[PDB]
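What follows is calculated from the coordinates using simple rules that are stated; it is not laboratory data. Counting neighbours? That spans all protein chains shown, and the Cβs are built from the backbone with ideal geometry, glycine included.
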């Protein structure tokens, strides 16, 4: 509270470490459904159903331009990628299985890096 602060967690490497994680996700062979934004002109239903589209290129741009205030907002956008994928795709589809694999991959890198 006022003039009573918790100890300082060192966050000075967070930017670099999230960049590294994102590189690893971008280079995973199952990243293909997530590399670019879904083309809302060509994919029926996507625009109306998925209220907050997200993709890795958009996260990369946001990260590169200071649009994440902290590592939790970065993680929120990554998870939104996989949440959207589960919303729109059957579990037993190539894209649906890709999304589950990438979420697992991410959460392991996240734990190993920060927790």
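What to note about this one:
- Taking residues in segment 40-65 that are touching a residue at least 40 places away in the same chain (Cβ under 8 Å), and partners anywhere that are surrounded by 11 or more Cβ atoms within 10 Å (Cβ to Cβ), the pairs with Cβ atoms closer than 6 Å and at least 6 places apart or on different chains are 46/38; 46/40.
- Members of segment 87-115 that are in a loop (DSSP other than H, G, I, E, B) and closer than 16 Å to residue 54 by Cβ: 89
- Residue count, segment 2-19 (criterion: free of Cβ contacts under 8 Å to residues at least 12 places away in the same chain and on the phi < 0 side of the Ramachandran plot): 11
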